[PDB]
**Q** 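Okay, here's the structure, questions in a sec.
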Amino acid sequence: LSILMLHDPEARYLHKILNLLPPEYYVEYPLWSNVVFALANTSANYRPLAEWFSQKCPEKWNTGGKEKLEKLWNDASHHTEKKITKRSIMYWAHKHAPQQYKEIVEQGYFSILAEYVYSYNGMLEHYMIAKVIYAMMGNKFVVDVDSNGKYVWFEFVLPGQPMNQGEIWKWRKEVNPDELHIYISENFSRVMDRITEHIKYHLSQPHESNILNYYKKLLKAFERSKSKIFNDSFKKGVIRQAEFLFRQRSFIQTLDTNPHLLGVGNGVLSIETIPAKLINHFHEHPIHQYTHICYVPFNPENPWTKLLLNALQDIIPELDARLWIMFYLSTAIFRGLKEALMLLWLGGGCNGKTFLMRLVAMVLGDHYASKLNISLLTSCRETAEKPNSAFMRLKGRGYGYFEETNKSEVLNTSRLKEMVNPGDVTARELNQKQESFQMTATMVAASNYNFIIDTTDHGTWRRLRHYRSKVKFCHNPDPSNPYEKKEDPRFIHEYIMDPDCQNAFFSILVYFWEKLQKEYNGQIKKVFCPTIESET
Amino acid sequence: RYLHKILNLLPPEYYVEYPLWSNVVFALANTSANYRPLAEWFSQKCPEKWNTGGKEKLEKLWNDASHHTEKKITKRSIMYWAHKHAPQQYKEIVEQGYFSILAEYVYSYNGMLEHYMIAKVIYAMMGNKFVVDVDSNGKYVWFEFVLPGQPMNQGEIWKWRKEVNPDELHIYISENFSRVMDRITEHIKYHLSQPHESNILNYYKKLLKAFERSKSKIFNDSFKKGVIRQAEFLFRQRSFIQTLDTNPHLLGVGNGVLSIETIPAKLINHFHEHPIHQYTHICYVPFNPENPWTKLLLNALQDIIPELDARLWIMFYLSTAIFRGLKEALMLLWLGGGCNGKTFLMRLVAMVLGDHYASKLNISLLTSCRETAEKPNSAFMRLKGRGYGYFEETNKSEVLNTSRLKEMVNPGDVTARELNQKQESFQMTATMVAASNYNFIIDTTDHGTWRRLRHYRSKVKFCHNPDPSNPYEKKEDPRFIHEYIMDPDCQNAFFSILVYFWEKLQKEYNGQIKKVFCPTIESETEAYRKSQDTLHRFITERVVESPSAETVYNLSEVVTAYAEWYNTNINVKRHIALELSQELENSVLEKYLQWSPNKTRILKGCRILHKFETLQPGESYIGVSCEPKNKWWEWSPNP
Amino acid sequence: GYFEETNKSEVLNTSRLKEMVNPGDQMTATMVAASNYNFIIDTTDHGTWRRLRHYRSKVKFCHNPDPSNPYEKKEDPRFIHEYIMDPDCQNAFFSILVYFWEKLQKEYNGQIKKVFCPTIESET
Amino acid sequence: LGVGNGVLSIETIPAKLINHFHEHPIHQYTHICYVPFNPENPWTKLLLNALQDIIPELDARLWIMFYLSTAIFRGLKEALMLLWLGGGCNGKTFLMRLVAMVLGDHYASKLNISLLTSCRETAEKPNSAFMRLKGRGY
DNA sequence: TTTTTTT
Ligand SMILES: Nc1ncnc2c1ncn2[C@@H]1O[C@H](COP(=O)(O)OP(=O)(O)NP(=O)(O)O)[C@@H](O)[C@H]1O
Ligand SMILES: Nc1ncnc2c1ncn2[C@@H]1O[C@H](COP(=O)(O)OP(=O)(O)NP(=O)(O)O)[C@@H](O)[C@H]1O
Ligand SMILES: Nc1ncnc2c1ncn2[C@@H]1O[C@H](COP(=O)(O)OP(=O)(O)NP(=O)(O)O)[C@@H](O)[C@H]1O
């Protein structure tokens with residue numbers, strides 16, 4: 001719901017005061033409505049009644065009594081003879097607990113800035129306004145140091161924002177805090193103006209003995225320092241000093257490490273419990289990478305879902321083989337340690353390869369899936385200090401597919417054991433240090449003739465699976481042959497590029513993952529398919 | 001004088017106990033490199049037993065302490081002891097100590113403050129928590145000692161962490177330092193409140209105006225950058241990065257520093273002066289067999305290795321992976337058909353040791369590829385400061401070279417570079433374990449090579465579905481690799497097991513794995529060395545004692561026959577005619593090998609088969625043709 | 001400079017023997033190469049063979065059985081393990097090296113070809 | 001030619017030693033100082049006797065000395081190459097090294113026989129040693 | 001640190 005909106009820190013400021021109010025307003029009608037009326041007089045933008053619902057009980061005084069208070073708020077928002085100021089709310093907060101009121105208000109943004117202004121005679125520096133900016137904007141930005149030793153910014157993206165598609169409810173990477181710079185020359189300028197008005201009020205007080213000359217000196221110095229907010233070097237120094245306040249020590253190493261959370265085009269998909277849920281609100285899970293596909297729950301009545309299921313029935317005629325292949329491809333959405341399995345798909349001519357495997361790759365995106373070259377499997381390995389950037393193309397992804405065969409390639413079994421087992425793999429990123437990571441990828445290879453397995457040990461044959469396509473796609477020359485069917489080029493030209501088709505296929509994959517988690521205990525060896533076993 | 005006050009807050013008990021007295025004496029010797037504050041501390045603690053006499057004996061004891069204990073105790077230990085014994089008194093004195101320095105600078109420079117002044121004050125009040133040193137690239141690097149209440153990464157407690165920038169020190173300047181700066185302002189106001197006299201308040205007014213002008217520089221970014229740049233010369237310790245992780249008896253762990261200097265191993269979870277930077281994520285708990293994870297792991301260890309003596313040997317061998325010092329030149333080959341839990345053990349040891357202390361080494365470094373040592377070669381930098389290396393790759397029955405097996409096994413010195421690094425030299429300190437699926441073929445018969453090689457055969461299979469009544473085949477577990485090796489509690493239990501076995505090795509024997517008696521291992525190694533002698537097999541197979549035979553066999557004929565025999569029976573490979581001649585010369589052939597009138601080695605009679613069968617019937621051929629009772633972890637200390 | 005690592009009976013090029021022994025362009029290193037099997041010298045040049053000296057050791061250090069042959073003795077491994085890393089042993093050996101340098105400078109005029117040793121000449 | 005005591009000018013006979021201010025741009029040099037030829041110098045007499053010993057016949061000695069004297073000139077010269085052959089301990093490897101040493105690193109260089117014997121390649125490969133005789137006369 | 005060029 002975002003009861004304390006990150007774009008408005010005055011909501012948090014007022015929620016602290018509403019917590020500070022006595023608990024006599026809790027579970028009662030009359031004075032609760034009086035404070036609601038006063039708060040709507042001060043600011044009628046659905047914020048303070050939401051803070052009332054958050055801090056205190058929303059409707060414990062009367063269940064279903066929300067609409068009466070909404071109508072009272074509407075009557076307050078319309079022209080109202082009485083107009084209660086916020087000073088009544090400060091008076092009630094001071095009446096309930098003076099020391100707690102004082103302790104609450106020292107941590108506010110305005111009090112920090114005013115304390116700096118009064119204690120340093122209107123001279124404002126980088127750390128002071130960096131501290132105020134962190135106080136009022138600290139939940140939306142974060143800083144961390146990467147492997148190269150540079151401070152990197154991250155911003156949480158909210159629905160109303162000039163946002164790149166699919167970035168909502170996630171942390172996006174920033175080389176510079178673009179939003180913070182504008183905020184300093186805009187939102188911060190507004191609060192600076194409030195401090196100017198406060199100084200003018202204290203100037204309007206009587207002269208007393210000598211305080212009025214000090215007040216005019218303070219006003220002159222603060223008016224001199226107020227222009228520094230729009231200066232480029234000052235803003236750069238403020239942002240440089242703010243990197244030590246916005247710093248979170250273990251943010252980058254935690255950034256994409258939960259394999260049960262998947263960034264999607266409308267939020268974060270959580271597959272921790274069945275059924276999978278869509279987090280499209282504020283949360284504390286660090287999520288940076290995503291896929292462009294939006295998650296809609298699986299519904300077979302969707303025309304795209306129906307078309308895709310009919311296509312799946314077309315590609316694999318055997319029911320058990322179709323169920324096994326769907327269960328295997330559903331595990332591509334998981335980026336954790338999975339079972340040591342590998343599927344080899346063999347097809348003669350125009351078959352379902354490059355439509356199905358490419359569909360899985362396009363619904364998972366570049367961060368979660370990749371296309372790999374067959375030189376990683378067939379050619380002999382390179383000396384490990386050479387920076388193999390193709391081997392780094394499966395670091396944090398749960399899906400990989402090979403697609404090229406020259407003429408009955410012979411695959412290196414050492415690379416097969418290295419890239420399939422649930423262990424650690426060491427490799428060097430280009431122009432970077434040699435490092436070890438974890439194998440979390442579901443791997444599929446499509447061939448045209450065959451693969452030669454030189455060895456006959458139990459190690460390479462307990463992790464190898466084989467399937468041969470029984471359907472030939474020849475539209476023009478489609479005979480009575482049952483395994484022969486007429487093709488549509490749209491499946492390779494338009495349907496694989498269509499976002500609705502991709503959304504439907506992603507829903508199918510999530511449904512099959514949940515089916516595997518429900519019927520079995522997520523273990524794919526228990527999937528009893530005689531066709532795949534006999535072909536192997 | 002400040003340190004004299006710190007010594008004055010020390011209790012009289014520090015002269016009651018002799019070792020604590022000597023520790024403080026050595027600490028003061030590291031402070032002053034003389035005996036003047038040492039003599040002041042002698043007079044403060046005890047002016048009355050030895051009195052003036054024995055002062056030369058006190059200098060002798062100072063010289064003896066300065067050449068002892070190998071660990072530099074310095075100011076920070078005394079400051080910590082003063083905090084522990086007199087915390088409130090410790091809070092004061094220092095509170096005014098830097099306040100006075102700052103006051104001296106303010107009064108002697110008329111309130112105009114610069115980078116070096118506040119850098120000196122900041123060093124006076126944070127010198128025990130930060131350090132600066134120059135690395136190999138010529139850059140000044142900061143290190144911060146991590147305290148328990150801190151925004152701290154996991155496992156970093158009670159250690160030195162590397163900081164690109166002293167972020168904490170920057171905040172300290174705009175926060176803690178600003179507070180002491182205020183105290184100065186309150187002091188100036190007191191002087192101004194004091195009567196003007198002649199123009200003293202005029203001075204206070206001028207000094208005040210200048211100080212309030214310069215007080216706002218503490219929050220300026222360029223000023224703080226200049227202060228931090230000036231503090232790099234004050235926080236600098238000249239031998240820090242070189243000494244950073246060099247004690248092999250100290251190991252960084254997730255709850256502090258584990259010390260295996262003295263049995264039993266101790267967890268330092270308080271202040272210390274040991275330089276420790278690297279660590280493992282595993283927290284150390286003392287060994288307890290009643291723990292369910294520990295009991296499960298010990299059951300797996302008993303089930304994997306059925307004989308007790310070999311189980312004790314491999315456990316004593318793998319316990320030495322926690323030591324990063326000089327160990328015996330050893331290499332263990334574990335051979336099995338991929339159906340045993342040998343592979344479960346190596347990944348477990350690597351995971352409880354971490355990436356700083358263990359690494360995975362490909363078999364390419366032993367089989368074919370040569371060491372460059374002129375390119376970057378980041379792969380050979382993966383055993384620089386680690387105590388464990390395991391080979392977990394076998395393509396198809398790899399043949400390992402003798403040169404690499406003599407290069408990286410013996411405790412010598414090796415030289416390599418890395419990215420942005422020069423050709424630096426380091427020491428081999430890693431316990432090495434190689435997994436074999438098919439076979440390892442030792443092409444030599446060298447006495448020095450075979451003294452460092454150990455072999456043990458896997459005897460237990462594991463299968464998923466069928467699980468027959470075979471005594472040597474049991475059922476596998478889906479979790480043992482997928483869940484039980486990711487679990488932190490299982491890793492903690494296994495690390496406790498490793499520390500217990502290291503302590504057992506140090507107790508029953510003098511840390512030498514040669515003195516450990518395992519007759520099974522000796523019998524297997526002798527059998528493997530007999531099976532790896534291809535020359536003996538060739539002589540037994542193709543050379544038969546032909547009585548009254550006039551067949552003339554010069555070494556060249558034997559060399560050619562053996563070369564065909566080796567290439568045909570063993571892997572095809574090139575041979576040295578001369579070296580082969582010497583090899584066949586040193587064998588039973590000597591009995592039937594004699595010089596010729598032309599001085600040429602010849603084999604009298606002894607017709608060679610030259611083919612299958614075709615052997616001489618006459619004169620036959622030439623080639624001669626416990627139990628664990630209750631707990632297995634502990635055993636006979638003196639079998 | 002020293003060569004120690006012998007895999008299997010290394011043959012050695014006469015070119016590099018000519019290049020890296022001669023005082024060409026600057027070589028200032030005393031060079032020792034050790035082997036366990038053989039060095040294959042493929043030449044018969046007089047200029048190459050005069051810069052080569054050969055010595056064959058006559059002592060084998062036996063640990064376990066220790067027979068009573070005068071040319072084999074009982075050894076301790078500490079000489080490789082502990083005694084080479086001790087700073088006091090290193091100081092003593094450096095003192096020995098300096099003493100023998102002074103002895104060479106005194107008894108001869110710093111020329112090692114003037115040192116008379118029939119064993120080395122006979123073995124070479 | 002830059003020399004250790006100034007500039008040697010061989011534009012006219014006799015060669016002159018510029019040891020004062022001049023407008024000739026000269027950066028590289030050799031460490032050898034130039035003294036005029038004097039056969040009564042003991043080192044010069046020793047070297048002339050060594051040259052008489054190494055090459056016995058007079059005409060070949062004069063020819064080889066004339067050919068080696070053109071190493072101090074850094075311009076276009078005749079297309080010639082001398083092949084000096086011998087059995088054993090000869091005067092070779094001392095005379096050629098002497099010419100290289102008196103000319104220095106800028107004005108002379110040592111080339112390996114791999115430049116001549118074999119392994120001419122496609123010029124994608126750099127061959128790593130052909131600019132070792134960029135601007136030197138020997 | 002790569003390109004290279006190791007070959
Ligand atoms: N279920 C389907 N129904 C109808 N047409 C299909 C179906 N699946 C694929 N096609 C078409 O079949 C054609 C073959 O393309 P493609 O799938 O790339 O062949 P391929 O076997 O994967 N690769 P290749 O064998 O080298 O040509 C494409 O034009 C697709 O549009
Ligand atoms: N002590 C044990 N008792 C029973 N099963 C075990 C034990 N240790 C390991 N296993 C099982 O045996 C297998 C060992 O893991 P694995 O990664 O296959 O190494 P591996 O035996 O060498 N197989 P491979 O790498 O192909 O040679 C897993 O399935 C474990 O569940
Ligand atoms: N003029 C000379 N008078 C006497 N000795 C000389 C003279 N010139 C050279 N030598 C010596 O003769 C030896 C020949 O060595 P060197 O100058 O290398 O000729 P070389 O042909 O290269 N010998 P080699 O390397 O076997 O082919 C050296 O010891 C020289 O010092």
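A, B, ... follow the sequence lines: proteins, then strands. Residue 1 opens every chain.
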**Q** Whole angstrom is fine here: how far is it from CG in B/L419 over to P in E/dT3?
**A** 12 Å
**Q** What is the distance from CD of D/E124 to P of E/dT7, rounded to the nearest Å?
**A** 17 Å
**Q** Please determine if B/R404 forms a cation-pi arrangement with B/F391, meaning its NZ or CZ atom is less than 6.0 Å from the six-membered ring centre and no more than 45° off the ring axis.
**A** no
**Q** Quick one: B/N377 CG to E/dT6 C1', roughly how many Å, whole number?
**A** 13 Å
**Q** Centre of A/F154's six-membered ring, under 6.0 Å away, within 45 degrees of the axis: is that where NZ or CZ of A/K173 sits?
**A**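 Pair A/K173/A/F154 does not count as cation-pi.
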**Q** OP1 or OP2 of E/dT1 sitting under 4.0 Å from any side-chain N/O of A/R428?
**A**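 No, outside the criterion.
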**Q** Could you tell me how far apart B/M381 (CE) and E/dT1 (P) are, to the nearest whole angstrom?
**A**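 So the CE-P distance, B/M381 to E/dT1, works out to 12 Å.
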**Q** Rounding to an integer number of Å, can you tell me how far B/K375 NZ sits from E/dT6 P?
**A**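 Atom NZ in B/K375 sits about 7 Å away from atom P in E/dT6.
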**Q** Whether the side chain of B/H575 engages the backbone of B/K573 through a donor-acceptor N/O pair (distance < 3.5 Å, no angle test) should be reported.
**A** yes
**Q** On DNA chain E, compare the nucleotides closest to B/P376 and D/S128; which residue's is nearer the 5' end?
**A**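 Of the two residues, B/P376 wins.
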**Q** Ring centres under 6.0 Å, that's the criterion: do A/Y399 and A/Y368 meet it?
**A**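 So the answer is no for these two rings.
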**Q** Quickly work out the A/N148 CG to E/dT1 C1' distance and round it to whole Å.
**A** 12 Å
